Amino acid sequence: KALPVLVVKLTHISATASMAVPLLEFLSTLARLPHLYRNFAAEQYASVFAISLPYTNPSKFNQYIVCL
Amino acid sequence: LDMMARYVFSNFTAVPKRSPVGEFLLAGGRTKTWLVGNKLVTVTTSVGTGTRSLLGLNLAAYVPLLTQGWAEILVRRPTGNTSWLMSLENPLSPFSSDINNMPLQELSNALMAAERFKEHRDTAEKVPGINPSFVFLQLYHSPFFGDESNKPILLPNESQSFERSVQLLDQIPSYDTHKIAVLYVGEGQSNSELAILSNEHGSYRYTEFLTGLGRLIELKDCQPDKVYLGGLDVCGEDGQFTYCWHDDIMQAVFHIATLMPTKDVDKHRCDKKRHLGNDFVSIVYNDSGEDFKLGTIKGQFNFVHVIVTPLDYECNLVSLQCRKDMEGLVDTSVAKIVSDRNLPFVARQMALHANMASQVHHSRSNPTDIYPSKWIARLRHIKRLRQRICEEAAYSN
Amino acid sequence: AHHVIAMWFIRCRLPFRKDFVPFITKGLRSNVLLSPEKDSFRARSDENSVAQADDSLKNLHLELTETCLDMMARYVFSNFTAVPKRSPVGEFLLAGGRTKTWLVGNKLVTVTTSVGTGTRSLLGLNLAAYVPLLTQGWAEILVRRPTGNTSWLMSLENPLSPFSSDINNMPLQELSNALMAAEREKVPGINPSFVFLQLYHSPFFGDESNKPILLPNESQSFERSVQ
Amino acid sequence: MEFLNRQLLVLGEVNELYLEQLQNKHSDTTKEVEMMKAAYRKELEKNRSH
Amino acid sequence: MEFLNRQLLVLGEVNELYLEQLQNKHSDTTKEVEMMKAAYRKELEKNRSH
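Residues numbered from 1 in each chain as written, not as in the entry; some residues may be left out. Chains lettered and ligands numbered in written order. Part of a larger assembly, values for the part shown. Heavy atoms only, no water. Residues with missing side-chain atoms left out of burial classes, pairs and counts.

Looking at the method and resolution fields of the entry, one finds cryo-EM and 2.9 Å.

Here it is in structure tokens:
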């Protein structure tokens, strides 16, 4: 019940290296828990990609961060 | 982008399963492969292959007429292979086929004209079979190409050193492959490399932690190409069973010391160490009541350890120890306390992220290696194959 | 002259046929050069009226050249008819199917995927929610080109993802028993853009003119234009 | 004949789906294993307390 | 149509075989159930000896 609001709230976090590993670990552990996001609407998924897309940038983020 | 183009409207696996009848009809078929951008479009067409026995059937004419529209288009891409068995709706032209005899029995058997079906029982200059370039040109040909970015490049069909390259691409998986060691440390084994590898059965909590790591795969019945065994012998040198953890994007396999047999011949348990010591990451089920130290298993690799310290009251403490060069990628300050019922999830996924970090670090110290991200490994293979063809063609002019 | 070339290219013996592509293409190219032109695909295998006359003449040059090349590509390697006919099993699969059309250069690629219409009629129709999954791998791709239509009924050989899709919950006992006993993206069936992207998608192009153009599927006009 | 052909095609697809379920679906009847896990864990708690 | 009937009876037998197998997929768990039993037995024996 906290997830639909939670994923939105994580988008408000600025993309910094100190946050890259926790956010991506959270999203990757969440992805492997299908019973949690079974009722995700489009806004929730859009939040997920909004959190993880900034971390796909090797010009700013470590290669492990980018691969993850 | 290739993944998005692959999964936006589908959830089909990254590896085709050619049907028994497809193999029968396309065995020894006429095949050609094109680079079309960073994709290998392969078309194969049927050479007949004695279809008369499959269908149980002018006698020398209607079967070859029926088969030569059957084809397979297989697109190898950075993210996987897609293929469709194909069958032309275009009949052979009565005005332009061979002028010896043109019976209408093809139309008489129109319902069988696509008798390739998903499941079947198949048995108790003059070269036949349409050129795969018919399917290719009909699908892909147009004037005014992007001169070098988009223009199709036929892989030299004659030189085996390129079929070898495509076979290498098929051996590069369409999913990241992770091999994770899992060790049991009993009482007093906190510093004994030999005792750790010599364990044949762990605590009950350890066994329940094993049962959650993924599906049990009986190695004897697992195909190495399809189910990632990481190096374990199919024939049982390394035990009847092991656990593996599958996803569309990745396959992780657990090399579990206790499941590997201990033979009297194997003194230092090198039959086990050959797997556990060559893995980047080990989940150490530290039942020794004493701080396990990284590097206790002396071998190279073993960059990160996921130390599972079982606590009282059905819970565990999971932490990471890593080599001083890996410490920039892996956070050793992790002390994730997790209950037993979710421990084989948390330690498993920590092992995955530790392994990804380790595979990336290994590339930094070993740049020439196949890239850890198997999608990028496929893409770099496709790029390198395309550039190699350009060089060899240039050397041929 | 183009009728003569087409007649001979289509009727001359198939082995020689590829070797005439470069000669015909070089001749056509030389004609255009008197007023990315090459496209030799064998490598892959008042005075205002005068101005309009010249502009249309150059365009006619290219239309003749492009139709000759399309004929050559169509017939260099086969002598199948320029019209396809969907087999009875093809109609059983794709009748009422899910279809899209793309203008990919000067050709219309069309993909039609199998909604389980025929499967429903077979079973005589919870099973109804799964009968489209039972045949969603079958499709038809149909390339409309200046010189004819080519199409293949195609069956996807890839198993559905046991992780990220519904297979493990399909009612196979009921489905099998039903169709044996019988006698005689919420939309069902996979998006035809799956087949199109798996065949034709490229992450980069030389010019924006290379891109496929999707025909607006909700418009009567473009559907009538294809028809 | 056409009905038989259609039935054979759909049956072939059913069989392929059976094959992919058989090679990918997990084992059923997990309640016995759940109860064994619970009983073993409880008795282990008892013996470990002792 | 004789060929179609022959392929149909063959694939009917194959479908029945797959159906029977999926009636008893539960047996795949015994491989790890034996591990659990062995570990429980070893724990009990070790604690009883202790």
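Still more ground to cover, so stick around.
S.K.: Is there a simple way to think about the overall build of chain D in this case?
M.R.: Looking only at helices and strands, one finds two helices and zero strands in chain D. Once the C-alpha set of chain D is aligned to its principal axes, its extents read approximately 75 × 15 × 5 Å. (Helix = DSSP H or I, 4+ residues; strand = E, 2+ residues; numbered from the N terminus.)

S.K.: So what exactly am I meant to see when it comes to the pattern of salt bridges here?
M.R.: Between side chains of opposite charge, pairing is possible as soon as their charged atoms come close. With the rule as written, the count across this model stands at 35 salt bridges over all chains. Bridged by salt links that share partners, the residues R205, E208 and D340 of chain B together with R41 of chain D form one connected network. (Salt bridge = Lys/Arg side-chain N within 4 Å of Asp/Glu carboxyl O.)

S.K.: Just to check I follow, could you spell out the interface of chain B and chain C for this structure?
M.R.: Listed as interface residues are 69 residues of chain B and, on the opposing side, 71 residues of chain C. Between chain B and chain C, the buried area comes to about 6700 Å², and carbon and sulfur atoms account for 59% of it. When residues of chain B are sorted by the area they lose upon contact with chain C, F12, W84 and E89 of chain B head the list and together hold 12% of the total. The tally of links between chain B and chain C comes to zero salt bridges. Where chain B touches chain C, the interface holds 42 residue pairs in polar contact. Those elements that provide at least two residues to the side of chain B that touches chain C are α1 (2–7), β3 (70–77), β4 (80–88) and α6 (132–140) of chain B. Of all the elements, β4 of chain B adds the most residues to the side of chain B that touches chain C, at eight residues. Grouping the constituent residues of the side of chain B that touches chain C by class yields 34 nonpolar, 21 polar and 14 charged. (Contact = heavy atoms within 4.5 Å. Buried area = accessible area lost by both parts, 1.4 Å probe. Polar contact = N/O pair within 3.5 Å; in protein donor to acceptor, adjacent residues only side chain to side chain. Nonpolar A, V, L, I, M, F, W, Y, C, P; charged D, E, K, R; others polar.)

S.K.: Even after reading the chapter, I still don't get the packing of helix α7 (residues 160–171) of chain B against helix α12 (residues 374–395) of chain B, so can you show me in this structure?
M.R.: The geometry of a pair of packed helices is captured by two quantities: the angle between their axes and the separation between those axes. Residues and elements named next belong to chain B. Running from amino to carboxyl end, α7 crosses α12 at an angle of 170 degrees, the nearest separation of the two axes being 10 Å. On the basis of the axis angle, α7 is roughly antiparallel to α12. In this structure, α7 uses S161, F162, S165, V166, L168, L169 and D170 to contact α12, whose residues at the interface are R378, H381, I382, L385, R388, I389 and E392. Residue composition of the contact of α7 with α12, grouped by class: seven nonpolar, three polar and four charged. (Axes fitted to C-alpha atoms, helices over the stretch in contact; angles between N-to-C directions. Parallel < 35°, antiparallel > 145°, perpendicular 65-115°, else oblique.)

S.K.: How should I be thinking about the arrangement of the chains in this particular structure?
M.R.: Of all seven pairs of chains sharing an interface, the pair with the highest contact count is chains B and C. No interface is formed between chain A and chain D, the nearest pair of C-alpha atoms being 17 Å apart. Between chain A and chain E there is no contact; the minimum C-alpha to C-alpha separation amounts to 23 Å.

S.K.: Could you clarify how one ought to interpret the environment of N286 of chain B in this entry?
M.R.: Residues and elements named next belong to chain B. Considering the arrangement of structural elements, one finds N286 in strand β10 (residues 281–286). Its relative accessible area of 4% is what places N286 among the buried residues. Taking the C-alpha atoms as reference points, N286 and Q160, 126 residues apart in sequence, are found 51 Å from one another. Contacts of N286, omitting those with residues within four sequence positions, involve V185, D291, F292, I307, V308, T309 and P310. Reaching out from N286, the side chain makes a polar contact with the backbone oxygen of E290 at a distance of 2.9 Å. (Buried < 20%, exposed > 50% of the residue type's maximum accessible area, 1.4 Å probe, protein only.)

S.K.: I keep staring at the interface of chain E and chain D and nothing clicks. Help me out?
M.R.: Put simply, an interface is often sized by how much accessible area is lost when its parts join up. The interface is formed by 23 residues belonging to chain E together with 24 residues belonging to chain D. Those elements that place two or more of their residues in the side of chain E that touches chain D are α1 (2–22) and α2 (30–49) of chain E. It is α1 of chain E that provides the largest number of residues to the side of chain E that touches chain D, a total of 11 residues. Grouping the amino acids of the side of chain E that touches chain D by side-chain chemistry returns 12 nonpolar, seven polar and four charged.

S.K.: Please explain the relation of the copies chain E and chain D as it appears in this structure.
M.R.: Two chain copies here: they are related by a rotation about an axis and a translation along the same axis. Each copy superposes on the other: chain E lies on chain D with an RMSD of 2.4 Å after a rotation of 177 degrees and an axial shift of 0.7 Å. What the rotation and shift describe, once combined, is the action of a two-fold rotation axis. Counting the interface residues of chain E, we find that 96% of their copies in chain D are interface residues as well, pointing to one common contact surface. (Least-squares fit on C-alpha atoms.)

S.K.: I would appreciate a short explanation of the sheet that holds strand β8 (residues 241–246) of chain B in the present structure.
M.R.: Sheets are built from strands paired through backbone hydrogen bonds, the pairs being either parallel or antiparallel. Residue and element names in this part refer to chain B. Pairing is mixed in the open sheet, where eight strands are placed in the order β7-β8-β9-β6-β10-β11-β12-β13. Looking at strand neighbours, the two that pair on one side only are β7 (215–218) and β13 (335–339), the edges of this open sheet. Sheet twist, expressed as the mean angle between neighbouring strand axes with direction ignored, is 30 degrees. Looking at chain direction, β10 and strand β11 (residues 304–311) are connected through five bridges and run parallel. Bridge assignment links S282 to a residue of β11, and that residue is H305. Its contacts with the sheet put helix α9 (residues 204–211) on β6 (176–185), β8, β9 (250–256), β10, β11 and β12 (315–322), and the angle it makes with β6 is roughly 170 degrees. (Pairing = 2+ DSSP bridges.)

S.K.: I'm lost on the packing of helix α1 (residues 2–22) of chain D against α1 of chain E in this one. Help?
M.R.: At their nearest, the axes of α1 of chain D and α1 of chain E sit 10 Å apart, and the two run at 25 degrees to each other. When the interaxial angle is binned, α1 of chain D and α1 of chain E end up roughly parallel. At the point where α1 of chain D passes α1 of chain E, the crossing takes the left-handed sense. Where α1 of chain D abuts α1 of chain E, its residues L4, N5, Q7, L8, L11, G12, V14, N15, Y18, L19, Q21 and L22 of chain D lie against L4, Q7, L8, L11, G12, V14, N15, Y18, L19, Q21 and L22 of chain E. (Left-handed = near helix turned anticlockwise from the far one by under 90°.)

S.K.: Hey, could you run me through unusual backbone geometry in this one?
M.R.: Residues and elements named next belong to chain B. One non-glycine residue, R269, lies in the positive phi region at around 55 degrees. Position of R269 among the secondary structure elements: in the loop between β9 and α10 (270–276). According to the relative accessible area criterion, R269 is buried, its value standing at 17%. Of note in this structure, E314 is not a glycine but carries a positive phi near 55 degrees. Its location among the elements puts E314 in the loop between β11 and β12.

S.K.: Is there a simple way to think about the nonpolar core in this case?
M.R.: Nonpolar side chains in soluble globular proteins generally cluster together in the buried interior. In this structure, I73 and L139 of chain B together with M72, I141, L199 and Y200 of chain C are the most contacted members of the largest nonpolar core, which totals 100 residues. Of the residues forming this core, the biggest block, 11 residues, is contributed by α1 of chain D. With 41 residues, the next largest nonpolar core counts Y64 of chain A, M250 and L352 of chain B together with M35 of chain E among its residues. (Core = buried A, V, L, I, M, F, W, Y, C linked by side-chain atoms within 4.5 Å.)

S.K.: Help me understand the packing of aromatic side chains in this model?
M.R.: Two descriptors summarise a pair of aromatic rings, namely the distance from one centre to the other and the angle between the planes of the rings. Taken as a whole, this structure holds 25 aromatic pairs over all chains when the rule is applied. The interplanar angle of 50 degrees and the centroid separation of 6.1 Å between the aromatic rings of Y37 of chain A and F40 of chain A together place this pair among those described as tilted. Exposure remark for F40 of chain A: the relative accessible area of 11% places this residue in the buried category. Here the aromatic residues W34, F136 and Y140 of chain B together with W102, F196 and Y200 of chain C are joined through ring pairs into a cluster of three or more. Above the plane of the ring of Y7 of chain B lies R6 of chain B, whose end atom (NZ or CZ) is 5.3 Å from the centre. When the ring centre of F162 of chain B is taken as origin, the NZ or CZ atom of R388 of chain B, which lies over that ring, is 3.9 Å away. (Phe/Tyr/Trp six-rings, centres within 6.5 Å; stacked < 30°, edge-to-face > 60°. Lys NZ or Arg CZ within 6 Å of the ring centre and 35° of its normal.)

S.K.: In this structure, what is going on with the side chain of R348 of chain B? I would like to understand it.
M.R.: All names here are of chain B. Structurally, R348 can be placed in helix α11 (residues 343–365). Within polar-contact distance, the side chain of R348 engages the backbone oxygen of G212 at 3.5 Å. If sequence neighbours within four positions are ignored, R348 has contacts with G212, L213, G214, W245, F254, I283 and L343.

S.K.: Please clarify how the sheet that holds β4 of chain B should be interpreted in this entry.
M.R.: The strand order across the open sheet formed by 10 strands is β5(B)-β1(B)-β2(B)-β3(B)-β4(B)-β4(C)-β3(C)-β2(C)-β1(C)-β5(C), and the pairing between neighbours is antiparallel. Whereas interior strands pair on both sides, the edge strands pair on one side only; in this sheet they are β5 (153–154) of chain B together with β5 (213–214) of chain C.

S.K.: When you look at the environment of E185 of chain C in this model, what are you seeing that I'm missing?
M.R.: Here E185 of chain C is to be found in the loop between α6 (172–181) and α7 (192–200). For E185 of chain C, a relative accessible area of 54% translates into the label exposed. Here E185 of chain C is in contact with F9 of chain B together with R98 and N191 of chain C, once residues within four sequence places are set aside.

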